[PDB]
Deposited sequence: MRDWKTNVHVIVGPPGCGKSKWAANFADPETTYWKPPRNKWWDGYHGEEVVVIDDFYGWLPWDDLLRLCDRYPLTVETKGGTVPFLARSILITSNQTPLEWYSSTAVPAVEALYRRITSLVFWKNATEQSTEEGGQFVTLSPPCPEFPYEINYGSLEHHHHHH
């Protein structure tokens, strides 16, 4: 079903900075599904190539997030049964950097998530692309 690395783009900035608009402008609405915040459900997903996880703060199980952001065939759960996960792009909007989503105490190796992140975009003081290995995200990605 999926046989490709799902790209993972994290967009960080304060409330009202245009995070949701950045996500909406990434690709066509017809190709973009918005994951309901704060639950494990993929209700309404119909195989869209772009998935947006708006206002993420680490409310998916670590291991589920690692799977979503990986490259193997994967089904995800809805209230009416599983559906194939077919994202080619996952956009994660957040007020915090990924440092803050999961503590290193709660997880085997935090670099497992960071290595699966493809790009980091940061609200300055506009949205600028950052180069993993920087002041605001210490860790390497991709």
Item to complete: Return the ranges of the deposited sequence not covered by C-alpha coordinates, sorted by sequence position.
Response: 126-127, 145-163
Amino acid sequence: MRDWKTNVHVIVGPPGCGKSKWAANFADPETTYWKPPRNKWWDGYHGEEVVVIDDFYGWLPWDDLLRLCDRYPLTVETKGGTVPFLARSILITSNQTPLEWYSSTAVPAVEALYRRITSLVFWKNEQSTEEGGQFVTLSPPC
From here on, numbers count along this sequence of modelled residues.
Response to the item:
Higher avg CA temperature factor (83-91 vs 102-110, as deposited) belongs to 102-110
Practice prompt. Mind pulling up the entry and telling me whether 38-46 or 112-120 has the higher mean Cα temperature factor?
Written response: 38-46
Worksheet entry | Third assignment of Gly132 from its chain's C-alpha B-factors | highest
Worksheet item: Split the chain's modelled residues into thirds by Cα B-factor; is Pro29 in the lowest, middle or highest one?
Response: highest
Fill in: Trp62 - Cα temperature factor, lowest/middle/highest third of chain
lowest
Practice prompt. Taking the values exactly as deposited, rank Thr6 by C-alpha B-factor within its chain and report the matching third: lowest, middle or highest.
Written response: lowest
